[PDB]
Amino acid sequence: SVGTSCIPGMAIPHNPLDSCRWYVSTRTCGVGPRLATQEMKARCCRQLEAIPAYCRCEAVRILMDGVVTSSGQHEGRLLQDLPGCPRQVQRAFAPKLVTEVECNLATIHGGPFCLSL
């Protein structure tokens, strides 16, 4: 129960936190699409809000590192190298998406923070 449903196709959509890709990129390196950063934050935080608290951190972890599913398919690990934006700096920002400063979303840890990430 609970964590058991934090899998793409269940409590987490397939290719989760889709729009957060470009959001962490611009926030972290100024690299990204030509649209309002405020806009991208909104879309990203929206996708993240739609996932219940108990799977939130797991959804960002998939965005960051990826996941191999029942089909043998890999999903996530969107935070890849971009010219002038190394993957690791992006990957370091990711866990910040649930914090008060960002989307300010509750998680399985009880507050707006993703330990164990």
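In case it trips you up, residue 1 is the first one in the sequence shown, and so on.
S.K.: Compare the mean C-alpha B-factor of 91-99 with that of 5-13 as given in the PDB entry, and name the stretch with the higher value.
M.R.: The stretch with the larger mean CA B-factor is 91-99.
S.K.: Averaging only over Cα atoms, indicate whether 56-64 or 71-79 has the higher B-factor in the PDB entry.
M.R.: Higher of the two, by average CA B-factor, is 71-79.
S.K.: Thinking about Cα B factors across the chain, which third does residue 43 belong to?
M.R.: Lowest third - that is where residue 43 ends up once the chain's C-alpha B-factors are sorted.
S.K.: Could you place residue 51 in the lowest, middle or highest third of its chain by Cα temperature factor, using the values in the record?
M.R.: It belongs to the lowest third of the chain when residues are ordered by C-alpha B-factor.
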